[PDB]
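The structure under discussion appears below in the form of C-alpha cells.
2 protein chains.
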Amino acid sequence: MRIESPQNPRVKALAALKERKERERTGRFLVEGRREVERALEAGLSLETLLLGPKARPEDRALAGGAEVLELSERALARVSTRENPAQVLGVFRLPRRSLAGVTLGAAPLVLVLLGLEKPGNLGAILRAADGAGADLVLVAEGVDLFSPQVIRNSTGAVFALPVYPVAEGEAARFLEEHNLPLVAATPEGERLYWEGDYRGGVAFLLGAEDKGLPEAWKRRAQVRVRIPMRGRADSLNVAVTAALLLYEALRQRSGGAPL
Amino acid sequence: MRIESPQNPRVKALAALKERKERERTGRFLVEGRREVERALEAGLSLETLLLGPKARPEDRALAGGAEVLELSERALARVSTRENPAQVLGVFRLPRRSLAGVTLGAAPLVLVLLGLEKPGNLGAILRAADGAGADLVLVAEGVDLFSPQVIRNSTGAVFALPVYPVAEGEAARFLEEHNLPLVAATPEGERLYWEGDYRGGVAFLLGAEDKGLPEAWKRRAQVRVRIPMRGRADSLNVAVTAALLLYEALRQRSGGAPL
Ligand SMILES: Nc1ncnc2c1ncn2[C@@H]1O[C@H](CO)[C@@H](O)[C@H]1O
Ligand SMILES: Nc1ncnc2c1ncn2[C@@H]1O[C@H](CO)[C@@H](O)[C@H]1O
Ligand SMILES: [K+]
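First to last, the protein sequences are chains H and X.
Here the numbering used here = 1-based position in the first sequence + 17.
Here the numbering used here = 1-based position in the second sequence + 17.
Take a look at the structure:
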C-alpha cells in the first residue's frame with residue numbers, strides 16, 4: 018500500500034525506531050539508504066519491511082525478497098527518516114542478538130579493542146577502517162549501540178558485515194587471554210614506534226576512545242606500548258585515523274613487510 | 018570591559034566574521050579554543066583582540082600579550098561562537114599574506130597535493146594527519162579557505178604551523194616540476210600497493226578531494242599509481258584516513274623501512 022499522512026499510526030511506529038529503547042522493545046531497527054540496505058541484506062540480516070519513497074527506483078523493489086513493500090509520501094518519508102534529505106530506500110530489519118559465545122578467530126588474527134564509549138562519528142569511521150583492513154574482530158565497550166541510525170550512516174553500513182561485539186572489559190580480557198596473541202597498547206607515550214611491533218602472528222591492538230583515552234590498567238598489562246610518531250605541532254591524531262594506521266601496519270606485515 | 022547583550026555592536030561585528038566575505042573585507046578572522054589561539058600565536062599570527070567567556074580561566078588572560086582583552090557574557094559568547102558548546106577563549110587575528118613563491122623544501126620532501134575543492138571538515142582532518150607525519154608541504158585548490166572555523170577546529174590548530182598553500186593547477190604543476198618531485202597518484206584502482214612505492218627520496222602524493230575523483234591529467238602524469246588495499250565491503254576510505262596512511266608510509270620508509 019501507500020501511506021500519505023505523517024500522522025498515520027504505521028508512520029509513527031516507524032519513526033519511533035529512532036530511539037534505542039524502542040528498537041529493544043520491538044526487536045526491530047531501521048536501515049536508511051539503498052547502499053546500507055544492500056549491505057544489511059548481504060550480511061544476512063532479516064528484512065521485514067521495505068520502505069520506498071516517492072523518488073525510489075524500480076530496481077529498489079527487487080530488494081524486498083518477499084517482504085512487505087510499503088510506499089511512503091514525501092511527508093511520511095521525512096517523518097521516518099533521520100536524515101536532512103531522506104534516502105528513498107529504507108528497510109525494517111530484525112535486531113539480532115550479538116554475542117562472543119563460541120566465536121572463533123582465524124589464523125594470525127587482526128583484532129582491535131576499542132576501550133570505552135565512543136561517539137557515533139568516530140565509531141563509524143573506526144568501523145570503516147577496520148572494514149578496509151579486514152580486521153578479524155572488533156571489540157567495543159559494553160554499552161555501545163551498533164544499530165543506531167548514526168553508526169549505520171557513518172559506517173556506510175560497514176557495521177553489518179564486520180565481526181564487531183559490545184563486551185564488558187572483563188569478558189574481553191578473558192576472551193583475548195584464551196588466544197596466543199600479543200596485547201599491543203596504542204598511546205602517544207608508547208616506548209616503541211608502532212612499526213617496531215611484530216604483528217606477523219596476529220595482534221590485538223588496545224585503543225582508547227577519543228575522550229577517555231587508554232585506561233592505565235590496560236596500558237600496564239600490554240606486552241608492548243606503541244606510539245605513532247608525531248612530527249609537527251599536534252600532540253595526537255584522531256582516534257579513527259589512529260585505528261586505520263595501526264590496522265594497515267599489521268596488514269603490511271601480514272603482506273610480507275618486515276617490522277622496523 | 019565586559020559585554021552583556023548579544024545585540025551589542027561589537028558582538029555583531031565579531032559574529033560577522035563567520036563569513037569569509039567579512040574576513041576578507043576586514044582582514045580579520047576568529048580563532049576559537051584555548052589550544053587553537055595559543056598555536057596561532059606560536060605561528061606568529063597577530064592577535065588583535067582576546068575574547069574571554071564567563072568561565073574562562075585567570076591563566077587565559079596571559080594569552081593577550083598586549084592585545085585588547087574583551088570579556089563576554091554567556092549570551093554574547095554564544096553568538097560569536099560557531100560551537101554548540103562555545104570555547105571560553107577566542108582570538109581575533111589579522112589575516113596573513115602567504116605566497117608559495119617564498120617556499121623552499123628540505124632534501125627529501127614529503128608533499129601532499131590535494132586536488133579539487135574539499136569540505137572544510139575533511140580538510141582540517143587531512144591537515145592534522147599531514148602535520149603528524151611531518152609533511153613539508155601541502156598544496157590545495159585555489160578557492161580553498163584555510164581560515165574557516167571548521168579547518169581550524171578539525172586541524173586542532175595545526176593549520177597555523179603547517180605549510181599549506183591554495184594554488185591553481187598551473188602554479189602547483191610549476192612548483193612540482195621545478196622541485197623535481199616524483200608524483201605518486203593515490204587511487205583505489207592503482208596498479209601497485211602503496212607500500213610498494215619508493216618514498217625514500219621524497220614524494221608528492223596526489224590525492225583527490227572527497228567524492229571528487231582524481232583528474233585524469235594528473236592521474237596519467239604520475240610516475241606511479243598506488244592503492245590502499247580494501248579487504249572488506251567498501252571500495253574507498255575517507256580522504257583524511259587515506260592521506261594519513263600515505264604520508265605515514267612515506268615516513269616509515271624515511272625512518273629506515275624498505276618498500277614492499
Ligand atoms: N600518535 C599516537 N600514537 C598512539 N596512539 C595515539 C596517537 N594519537 C592518538 N592516539 C590514540 O587515539 C585516541 C584518540 O585520542 C586515543 O586512544 C589515543 O591514545
Ligand atoms: N583504497 C584507496 N586507495 C587509494 N586512494 C583512495 C582509496 N580510498 C580512497 N581513496 C582516495 O581518497 C579520496 C576519497 O574518496 C579520493 O581521492 C580517493 O581516490
Ligand atoms: K523485545
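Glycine included, every Cβ here is placed at the ideal spot set by N, Cα and C.
Q) Should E266(X) be labelled buried (16 or more other beta-carbon atoms within 10 Å of its own) or exposed? A) Under a 10 Å Cβ-count criterion, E266(X) is classified as buried, with 16 or more other Cβ atoms of the shown protein chains found around its own Cβ.
Q.
Along the chain, where does the alpha helix (DSSP H) containing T121(H) start, and where does it finish?
A. From DSSP, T121(H) is part of no alpha helix (DSSP H); its letter is neither H nor E.
Q. From the beta carbon of residue 5(H), is the nearest beta carbon of chain X less than 7 Å away?
A. Residue numbering for chain H in the displayed model covers 18 to 277; residue 5(H) lies beyond these limits and cannot be assessed.
Q: Would you identify the three-state DSSP class for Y211(H), choosing helix, strand or coil?
A: Look at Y211(H) here: in three-state DSSP terms it is helix.
(Q) What are the residues in the stretch 264 to 277 of chain H lying within 9 Å of chain X by C-beta distance? (A) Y265, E266, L268, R269, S272, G273, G274, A275 and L277
Q: Could you confirm whether any beta carbon from chain X is found closer than 7 Å to the beta carbon of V258(H)?
A: By this cut-off, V258(H) is an interface position.
Q) Under a three-way DSSP split, which group does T173(H) fall into? A) coil
Q) Would you say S172(H) and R145(H) are within 7 Å of each other, going by their C-beta atoms? A) A Cβ-Cβ contact shorter than 7 Å links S172(H) with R145(H).
Q. Between which two residues does the beta strand (DSSP E) carrying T66(H) extend?
A. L64 to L69
Q) Should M247(X) be flagged as near chain H, meaning a C-beta pair shorter than 7 Å? A) Residue-level contact check: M247(X) touches chain H, since one or more beta carbons of chain H fall below 7 Å from its beta carbon.
Q. Where do the ends of the alpha helix (DSSP H) carrying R191(X) lie?
A. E186 to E195
(Q) Can you determine whether any heavy atom of ligand 2 sits closer than 6 Å to the C-beta of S172(H), and answer yes or no? (A) no
Q.
Can you pull the chain X neighbours of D148(H), defined as C-beta to C-beta under 7 Å?
A. Counting only Cβ-Cβ distances below 7 Å, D148(H) has contacts in chain X at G249, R250 and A251, in chain order.
(Q) Once the 5 residues before and after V168(X) are set aside, which same chain residues still bring their CB inside 6 Å of it? (A) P137, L140, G141 and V176
**Q.** Pairwise C-alpha distance: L224(H) and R217(H)
**A.** The alpha-carbon atoms of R217(H) and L224(H) are separated by roughly 19 Å.
Q.
Tell me which residues of the stretch 133 to 148 of chain X have at least one Cβ-Cβ distance to chain H shorter than 7 Å, keeping chain order.
A. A142, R145, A146 and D148
Q. Just checking, does the stretch 25 to 34 of chain H make contact with the stretch 94 to 114 of chain H on the three C-beta pairs under 8 Å criterion?
A. yes
(Q) If you reduce the DSSP assignment to three classes, tell me which class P183(H) lands in. (A) strand
Q: Flag this pair as yes or no: are the beta carbons of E53(X) and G174(X) separated by less than 7 Å?
A: yes
Q: Give the DSSP-derived three-state secondary structure of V161(X) in the structure shown.
A: coil
Q) How about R115(H): is its Cβ closer than 6 Å to a heavy atom in ligand 3? A) Checking the Cβ of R115(H) against ligand 3 gives no.
Q. Are the stretch 231 to 249 of chain X and the stretch 190 to 208 of chain X touching, with three or more C-beta to C-beta distances below 8 Å?
A. yes
Q. Hey, would you say the C-beta of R45(H) is under 6 Å away from at least one heavy atom of ligand 3?
A. no
Q: For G151(X), decide whether its Cβ has a neighbour in chain A, counting only Cβ atoms nearer than 7 Å.
A: Among the protein chains of the structure shown, namely H and X, there is no chain A.
Q: Could you work out which residues of chain H lie near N197(X), taking near to mean beta carbons separated by less than 8 Å?
A: What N197(X) touches in chain H: nothing, since even the nearest Cβ is about 23 Å away.
Q: Could you work out which residue in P103(H), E49(H) and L80(H) is closest to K72(H) when comparing CA atoms only?
A: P103(H)
Q. Roughly how many angstroms separate the alpha carbons of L179(X) and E227(X), rounded to a whole number?
A. 21 Å
Q: May I have the straight-line CA-CA distance separating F110(X) from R250(H), to the nearest angstrom?
A: 19 Å
Q. CA-CA distance, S90(H) and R40(H)?
A. 23 Å
Q. Is the distance from the Cβ of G123(H) to the Cβ of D162(H) below 7 Å?
A. no
Q. Start and end of the alpha helix (DSSP H) containing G141(X)?
A. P137 to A150
**Q.** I143(H) CB to nearest heavy atom of ligand 1 below 6 Å
**A.** no
Q: Jot down the residue ranges of each uninterrupted beta strand (DSSP E) in the stretch 32 to 57 of chain H, minimum 3 residues, whole runs only, in chain order.
A: You should have 45 to 49.
Q. In chain H, what lies closer than 8 Å to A261(X) by C-beta?
A. Residues of chain H passing the Cβ test: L254, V258, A261 and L262.
Q | Closest residue to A57(X) among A185(X), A260(X), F222(X) and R170(X) (Cα-Cα distance) | A | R170(X)
Q) Does any CB atom of chain H fall closer than 7 Å to the CB of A124(X)? A) no
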